[PDB]
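**Student:** Enclosed is the structure file work_39.cif (mmCIF, C-alpha atoms).
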```cif
data_structure
#
loop_
_atom_site.label_atom_id
_atom_site.label_comp_id
_atom_site.auth_asym_id
_atom_site.auth_seq_id
_atom_site.Cartn_x
_atom_site.Cartn_y
_atom_site.Cartn_z
CA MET A 1 -11.06 6.72 18.13
CA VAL A 2 -11.66 10.19 16.67
CA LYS A 3 -14.10 11.35 13.98
CA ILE A 4 -13.39 13.95 11.26
CA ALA A 5 -15.60 17.01 11.73
CA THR A 6 -14.66 19.21 8.76
CA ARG A 7 -12.75 19.20 5.46
CA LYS A 8 -11.50 22.50 4.04
CA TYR A 9 -9.37 23.22 0.98
CA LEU A 10 -5.79 24.37 1.65
CA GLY A 11 -4.57 24.99 -1.90
CA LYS A 12 -2.03 23.35 -4.16
CA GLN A 13 1.25 22.81 -2.32
CA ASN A 14 4.38 20.70 -2.48
CA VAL A 15 3.58 17.58 -0.45
CA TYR A 16 5.51 14.70 1.05
CA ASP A 17 5.43 11.10 2.23
CA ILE A 18 7.73 8.52 3.78
CA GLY A 19 8.14 4.78 3.26
CA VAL A 20 8.89 2.17 5.92
CA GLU A 21 9.00 -1.63 6.07
CA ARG A 22 6.79 -3.95 8.05
CA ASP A 23 3.18 -2.87 8.28
CA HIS A 24 3.73 0.21 6.06
CA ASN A 25 2.39 2.77 8.51
CA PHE A 26 3.74 5.43 10.84
CA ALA A 27 2.35 7.47 13.70
CA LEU A 28 1.50 11.15 13.51
CA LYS A 29 1.38 13.54 16.45
CA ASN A 30 -0.99 12.23 19.18
CA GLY A 31 -1.24 8.72 17.69
CA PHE A 32 -3.05 8.79 14.34
CA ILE A 33 -1.86 6.17 11.86
CA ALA A 34 -0.97 7.05 8.26
CA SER A 35 -0.09 4.55 5.54
CA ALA A 36 3.52 4.46 4.32
CA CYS A 37 3.09 2.77 0.94
CA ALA A 38 0.98 3.45 -2.15
CA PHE A 39 0.99 3.37 -5.92
CA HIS A 40 -0.49 6.86 -6.31
CA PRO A 41 1.54 9.79 -4.88
CA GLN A 42 -0.48 10.04 -1.68
CA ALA A 43 1.07 12.69 0.50
CA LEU A 44 0.89 14.93 3.56
CA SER A 45 1.40 18.64 4.00
CA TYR A 46 4.83 19.94 4.98
CA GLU A 47 3.85 20.77 8.59
CA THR A 48 2.40 17.33 9.38
CA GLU A 49 4.28 16.29 12.50
CA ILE A 50 5.58 12.73 12.79
CA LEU A 51 6.67 11.23 16.10
CA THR A 52 10.31 10.12 15.91
CA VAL A 53 12.40 8.26 18.48
CA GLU A 54 15.51 10.44 18.22
CA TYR A 55 14.18 13.99 17.76
CA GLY A 56 10.56 13.76 18.92
CA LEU A 57 8.03 15.52 16.70
CA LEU A 58 9.28 16.62 13.28
CA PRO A 59 7.42 17.98 10.23
CA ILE A 60 7.46 15.41 7.44
CA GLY A 61 8.56 18.13 5.02
CA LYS A 62 11.71 18.67 7.08
CA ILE A 63 12.27 14.92 7.34
CA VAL A 64 12.03 14.56 3.55
CA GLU A 65 13.71 17.77 2.34
CA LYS A 66 16.68 17.02 4.61
CA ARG A 67 16.42 13.20 4.28
CA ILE A 68 16.68 12.90 8.05
CA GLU A 69 17.77 9.44 9.19
CA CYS A 70 15.28 8.66 11.96
CA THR A 71 12.96 6.06 13.48
CA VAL A 72 9.16 6.28 13.55
CA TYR A 73 6.36 4.39 15.33
CA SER A 74 4.22 1.74 13.64
CA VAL A 75 1.32 -0.51 14.66
CA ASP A 76 0.77 -4.19 13.89
CA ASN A 77 -2.56 -5.81 13.03
CA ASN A 78 -2.91 -6.94 16.66
CA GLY A 79 -2.65 -3.29 17.72
CA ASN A 80 0.78 -3.41 19.41
CA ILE A 81 3.43 -0.76 18.81
CA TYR A 82 7.01 -0.96 17.54
CA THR A 83 9.69 1.24 15.99
CA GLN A 84 11.42 1.14 12.59
CA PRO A 85 13.48 3.61 10.55
CA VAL A 86 12.35 5.63 7.59
CA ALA A 87 13.32 3.79 4.40
CA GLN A 88 12.26 6.22 1.65
CA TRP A 89 11.82 10.02 1.64
CA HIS A 90 9.23 10.97 -0.98
CA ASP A 91 8.79 14.43 -2.49
CA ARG A 92 5.39 13.98 -4.17
CA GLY A 93 5.31 17.25 -6.11
CA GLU A 94 2.43 19.71 -6.18
CA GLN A 95 -1.01 18.40 -5.13
CA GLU A 96 -4.27 19.67 -3.65
CA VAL A 97 -4.12 19.73 0.16
CA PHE A 98 -7.26 19.44 2.29
CA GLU A 99 -7.44 20.26 5.98
CA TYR A 100 -9.38 17.69 8.00
CA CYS A 101 -10.28 19.08 11.43
CA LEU A 102 -10.94 16.30 13.93
CA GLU A 103 -13.55 16.19 16.68
CA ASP A 104 -10.69 16.69 19.19
CA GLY A 105 -9.25 19.92 17.78
CA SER A 106 -6.58 17.98 15.85
CA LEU A 107 -5.74 18.87 12.25
CA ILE A 108 -4.73 16.40 9.52
CA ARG A 109 -3.68 18.07 6.26
CA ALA A 110 -3.13 15.73 3.32
CA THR A 111 -4.20 14.68 -0.15
CA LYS A 112 -7.69 13.21 -0.37
CA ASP A 113 -6.35 9.76 -1.26
CA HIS A 114 -3.87 9.41 1.62
CA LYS A 115 -4.84 6.31 3.58
CA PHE A 116 -5.26 6.42 7.36
CA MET A 117 -6.28 3.69 9.78
CA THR A 118 -9.80 3.37 11.15
CA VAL A 119 -10.56 1.93 14.58
CA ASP A 120 -11.30 -1.47 13.02
CA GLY A 121 -7.87 -1.67 11.39
CA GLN A 122 -8.95 -0.72 7.87
CA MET A 123 -6.52 1.35 5.77
CA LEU A 124 -8.98 3.66 4.02
CA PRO A 125 -8.54 6.95 2.14
CA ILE A 126 -8.82 9.94 4.46
CA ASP A 127 -11.56 11.43 2.29
CA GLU A 128 -13.52 8.16 2.43
CA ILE A 129 -13.05 8.17 6.22
CA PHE A 130 -14.47 11.70 6.39
CA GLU A 131 -17.61 11.18 4.29
CA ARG A 132 -18.52 7.76 5.70
CA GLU A 133 -18.07 9.39 9.14
CA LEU A 134 -15.79 6.60 10.38
CA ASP A 135 -13.51 6.76 13.40
CA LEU A 136 -9.77 7.25 13.05
CA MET A 137 -7.62 4.91 15.10
CA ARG A 138 -5.68 6.99 17.63
CA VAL A 139 -2.96 4.88 19.21
CA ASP A 140 -2.27 5.32 22.92
CA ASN A 141 0.87 4.55 24.95
CA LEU A 142 3.34 6.28 22.63
CA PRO A 143 6.31 7.84 24.47
CA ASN A 144 5.59 11.41 25.58
CA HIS A 145 9.16 12.67 26.03
CA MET B 1 -12.51 -4.71 -20.84
CA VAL B 2 -10.66 -7.38 -18.81
CA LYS B 3 -13.13 -8.49 -16.16
CA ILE B 4 -13.40 -11.29 -13.61
CA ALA B 5 -16.20 -13.72 -14.39
CA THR B 6 -16.12 -16.04 -11.34
CA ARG B 7 -14.70 -16.40 -7.83
CA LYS B 8 -14.21 -19.85 -6.27
CA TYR B 9 -12.90 -20.86 -2.86
CA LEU B 10 -9.81 -23.07 -2.94
CA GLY B 11 -9.18 -23.48 0.79
CA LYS B 12 -6.27 -22.59 3.00
CA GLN B 13 -2.80 -22.87 1.45
CA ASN B 14 0.70 -21.48 1.89
CA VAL B 15 0.81 -18.01 0.33
CA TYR B 16 3.53 -15.58 -0.69
CA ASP B 17 4.29 -11.95 -1.54
CA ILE B 18 7.30 -9.90 -2.64
CA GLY B 19 8.43 -6.35 -2.03
CA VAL B 20 10.10 -3.88 -4.36
CA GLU B 21 11.70 -0.49 -3.73
CA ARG B 22 9.65 1.78 -5.91
CA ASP B 23 6.07 1.79 -7.13
CA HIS B 24 5.19 -1.32 -5.13
CA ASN B 25 3.69 -3.34 -7.99
CA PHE B 26 4.87 -6.17 -10.23
CA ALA B 27 3.63 -7.89 -13.36
CA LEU B 28 2.16 -11.38 -13.36
CA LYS B 29 1.89 -13.73 -16.30
CA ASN B 30 -0.57 -12.29 -18.85
CA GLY B 31 0.20 -8.72 -17.75
CA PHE B 32 -1.82 -8.30 -14.56
CA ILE B 33 -0.28 -5.80 -12.13
CA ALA B 34 -0.25 -7.02 -8.52
CA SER B 35 0.33 -4.69 -5.60
CA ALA B 36 3.47 -5.27 -3.53
CA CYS B 37 2.40 -3.51 -0.32
CA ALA B 38 -0.50 -3.54 2.16
CA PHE B 39 -1.17 -3.26 5.87
CA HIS B 40 -2.64 -6.78 6.15
CA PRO B 41 -0.97 -9.95 4.86
CA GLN B 42 -2.28 -10.08 1.31
CA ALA B 43 -0.71 -12.85 -0.68
CA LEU B 44 -0.68 -15.07 -3.76
CA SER B 45 -0.73 -18.84 -4.16
CA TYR B 46 2.50 -20.77 -4.71
CA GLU B 47 2.02 -21.36 -8.46
CA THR B 48 1.22 -17.72 -9.27
CA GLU B 49 3.73 -16.86 -11.99
CA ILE B 50 5.80 -13.67 -11.94
CA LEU B 51 7.69 -12.52 -14.99
CA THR B 52 11.39 -12.05 -14.27
CA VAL B 53 14.17 -10.78 -16.51
CA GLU B 54 16.67 -13.50 -15.65
CA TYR B 55 14.55 -16.67 -15.35
CA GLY B 56 11.39 -15.90 -17.30
CA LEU B 57 8.15 -16.81 -15.58
CA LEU B 58 8.72 -18.13 -12.05
CA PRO B 59 6.25 -19.32 -9.41
CA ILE B 60 6.17 -16.78 -6.58
CA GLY B 61 6.40 -19.67 -4.13
CA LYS B 62 9.71 -20.72 -5.63
CA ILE B 63 10.97 -17.12 -5.62
CA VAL B 64 10.21 -16.70 -1.92
CA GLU B 65 11.14 -20.17 -0.68
CA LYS B 66 14.53 -20.17 -2.43
CA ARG B 67 15.06 -16.39 -1.97
CA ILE B 68 15.68 -16.01 -5.68
CA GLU B 69 17.36 -12.69 -6.41
CA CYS B 70 15.59 -11.64 -9.60
CA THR B 71 14.24 -8.60 -11.40
CA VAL B 72 10.54 -8.03 -12.00
CA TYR B 73 8.52 -5.59 -14.10
CA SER B 74 6.58 -2.66 -12.62
CA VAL B 75 4.48 0.26 -13.83
CA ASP B 76 4.93 3.84 -12.70
CA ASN B 77 2.23 6.49 -12.36
CA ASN B 78 2.74 7.69 -15.95
CA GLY B 79 2.21 4.17 -17.33
CA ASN B 80 5.87 3.44 -18.07
CA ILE B 81 7.09 -0.14 -17.74
CA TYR B 82 10.43 -0.69 -16.02
CA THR B 83 12.42 -3.36 -14.23
CA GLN B 84 13.57 -3.36 -10.62
CA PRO B 85 15.01 -6.01 -8.30
CA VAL B 86 13.01 -7.95 -5.76
CA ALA B 87 13.79 -6.37 -2.40
CA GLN B 88 11.79 -8.52 0.03
CA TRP B 89 10.70 -12.16 0.04
CA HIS B 90 7.59 -12.76 2.15
CA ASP B 91 6.38 -16.13 3.41
CA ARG B 92 2.85 -15.24 4.47
CA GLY B 93 1.90 -18.56 6.05
CA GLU B 94 -1.39 -20.33 5.38
CA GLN B 95 -4.32 -18.19 4.29
CA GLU B 96 -7.63 -18.62 2.52
CA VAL B 97 -7.19 -18.43 -1.26
CA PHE B 98 -9.76 -17.81 -3.97
CA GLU B 99 -9.47 -18.59 -7.68
CA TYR B 100 -10.53 -15.60 -9.77
CA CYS B 101 -11.34 -16.68 -13.32
CA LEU B 102 -11.24 -13.97 -15.97
CA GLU B 103 -13.48 -13.85 -19.01
CA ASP B 104 -10.77 -15.27 -21.24
CA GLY B 105 -9.93 -18.15 -18.89
CA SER B 106 -6.92 -16.47 -17.29
CA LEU B 107 -6.74 -17.23 -13.56
CA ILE B 108 -5.58 -15.32 -10.49
CA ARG B 109 -5.27 -17.24 -7.21
CA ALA B 110 -4.90 -14.90 -4.24
CA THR B 111 -6.25 -13.88 -0.87
CA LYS B 112 -9.51 -12.02 -1.35
CA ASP B 113 -8.14 -8.62 -0.33
CA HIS B 114 -5.05 -8.74 -2.55
CA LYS B 115 -4.77 -5.49 -4.47
CA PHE B 116 -4.50 -5.33 -8.25
CA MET B 117 -4.38 -2.47 -10.72
CA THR B 118 -7.51 -1.38 -12.59
CA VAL B 119 -7.52 0.09 -16.10
CA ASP B 120 -7.72 3.63 -14.70
CA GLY B 121 -4.64 3.02 -12.54
CA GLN B 122 -6.11 2.41 -9.08
CA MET B 123 -4.92 -0.34 -6.72
CA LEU B 124 -8.01 -2.12 -5.40
CA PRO B 125 -8.64 -5.46 -3.66
CA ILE B 126 -9.39 -8.19 -6.18
CA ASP B 127 -12.63 -9.04 -4.34
CA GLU B 128 -13.89 -5.50 -5.00
CA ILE B 129 -12.75 -5.66 -8.62
CA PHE B 130 -14.76 -8.86 -9.01
CA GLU B 131 -17.84 -7.64 -7.10
CA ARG B 132 -18.13 -4.19 -8.70
CA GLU B 133 -17.26 -5.49 -12.20
CA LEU B 134 -14.14 -3.36 -12.55
CA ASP B 135 -11.74 -3.65 -15.48
CA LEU B 136 -8.32 -5.00 -14.52
CA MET B 137 -5.29 -3.49 -16.16
CA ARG B 138 -3.48 -5.89 -18.48
CA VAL B 139 -0.13 -4.91 -19.98
CA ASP B 140 1.18 -6.39 -23.21
CA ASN B 141 4.56 -6.49 -24.95
CA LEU B 142 6.30 -7.52 -21.78
CA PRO B 143 9.38 -9.53 -22.82
CA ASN B 144 8.33 -13.06 -21.83
CA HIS B 145 11.85 -14.28 -22.84
#
```
So that I can check it, write out the structure of this file as structure tokens.
**Tutor:**
Amino acid sequence: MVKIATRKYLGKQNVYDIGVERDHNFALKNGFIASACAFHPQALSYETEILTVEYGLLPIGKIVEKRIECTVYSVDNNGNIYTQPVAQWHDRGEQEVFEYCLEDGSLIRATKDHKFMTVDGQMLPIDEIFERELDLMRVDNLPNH
Amino acid sequence: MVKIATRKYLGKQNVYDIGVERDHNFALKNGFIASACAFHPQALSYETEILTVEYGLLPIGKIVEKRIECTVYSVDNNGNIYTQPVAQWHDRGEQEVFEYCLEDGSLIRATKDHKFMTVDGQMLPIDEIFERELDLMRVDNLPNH
């Protein structure tokens, strides 16, 4: 449950995404929930850290550029957590990156259309989350080591 | 434009979805483009017809319940039509289904949040397409053979 304070432009950069099965989402650092499936090339900046079972936190750009075989954390619609491997490693070309600074000092850098999960369980575009001043789901009880 | 004229409740019925490897969409009879990925169980009614290379039009309920290995049609982000195999067969249980009747009499029977492609290339829930009077994408010259 964290709100997005600011949104600042970070330039055009090569951006990335991953695909998984199940609920088509994966956990970022500290428990935010990004979507893992889309028609449009929704993407995240290179440095965006993803929590993995094997190696801990890794930047998605490293996971994709090196096609690292690893397992990420997902959430169901009940709210309970589970693991599943990365299935697709997406290089989404050059797109405009925007830096969303959260109320808690966290940074999410991504395309405006990348969907993230609100507290209610809605998968809404990050830019829509920011302007409607909605709360980002932040999952607790992820492993911390 | 290809717009939905009416929305009618059909009740709870057994519903179905399929998954594909890339793009995450597939063509229905009459050229509507249905999304193949979402956080929530979004699904189609049994008799919803999917165009396949090898069998022609097949009910999605038959595809899922007999695990029919077939090849569907999908659109990429540049508008190109291509074929790819079904990768996942999803029995989505019993859900509420609505009949969406298009201006020309074409029907779509789905759960209200099932995503479909609009003429500009967005994937939006069919309920929002109906309510905001959006123009569905409809592809032609798909080999119905």
**Student:** Can you tell me which residues surround range 24-29 of chain B at a distance of at most 10 Å, considering all atoms listed in the file, apart from same-chain residues fewer than 4 positions away, and format the answer as a PyMOL selection string?
**Tutor:** (chain A and resi 37-39) or (chain B and resi 18-20+33-38+48-52+56-60+71-76+81-84+86+106-108+115-117+123+138-139+142+144)
**Student:** On this structure, the PyMOL selection byres ((chain A and resi 45) around 9) would catch which residues? List them as a compact mmCIF listing (two decimals) with C-alpha atoms, keeping the file's coordinate frame, sorted by chain and number.
**Tutor:**
```
# COMPACT_ATOMS: atom_id res chain seq x y z
CA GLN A 13 1.25 22.81 -2.32
CA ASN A 14 4.38 20.70 -2.48
CA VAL A 15 3.58 17.58 -0.45
CA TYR A 16 5.51 14.70 1.05
CA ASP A 17 5.43 11.10 2.23
CA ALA A 43 1.07 12.69 0.50
CA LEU A 44 0.89 14.93 3.56
CA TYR A 46 4.83 19.94 4.98
CA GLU A 47 3.85 20.77 8.59
CA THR A 48 2.40 17.33 9.38
CA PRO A 59 7.42 17.98 10.23
CA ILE A 60 7.46 15.41 7.44
CA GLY A 61 8.56 18.13 5.02
CA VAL A 97 -4.12 19.73 0.16
CA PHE A 98 -7.26 19.44 2.29
CA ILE A 108 -4.73 16.40 9.52
CA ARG A 109 -3.68 18.07 6.26
CA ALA A 110 -3.13 15.73 3.32
CA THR A 111 -4.20 14.68 -0.15
```
**Student:** Taking the file as I've supplied it (selection: the PyMOL selection byres ((chain B and resi 125) around 6)), which residues are included? Please answer as a count of residues only.
**Tutor:** 7
**Student:** Taking the file as shown, find all residues satisfying the PyMOL selection byres ((chain A and resi 8) around 7) and write them as a ChimeraX atom specification.
**Tutor:** /A:6-7,9-10,98-100
**Student:** Counting all atoms listed in the file, which of A:21, A:103, A:133, A:96 gets nearest to chain B?
**Tutor:**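 Among the listed residues, A:21 lies closest to chain B.
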**Student:** In Å, how far is it from CA of residue 91 in chain B to CA of residue 69 in chain B?
**Tutor:**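 Atom-to-atom, CA of residue 91 in chain B and CA of residue 69 in chain B are spaced 15.1 Å apart.
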**Student:** Taking only C-alpha atoms into account, which of A:77, A:130, A:143, A:120 comes nearest residue 102 in chain A?
**Tutor:**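 Counting only C-alpha atoms, the residue closest to residue 102 in chain A is A:130.
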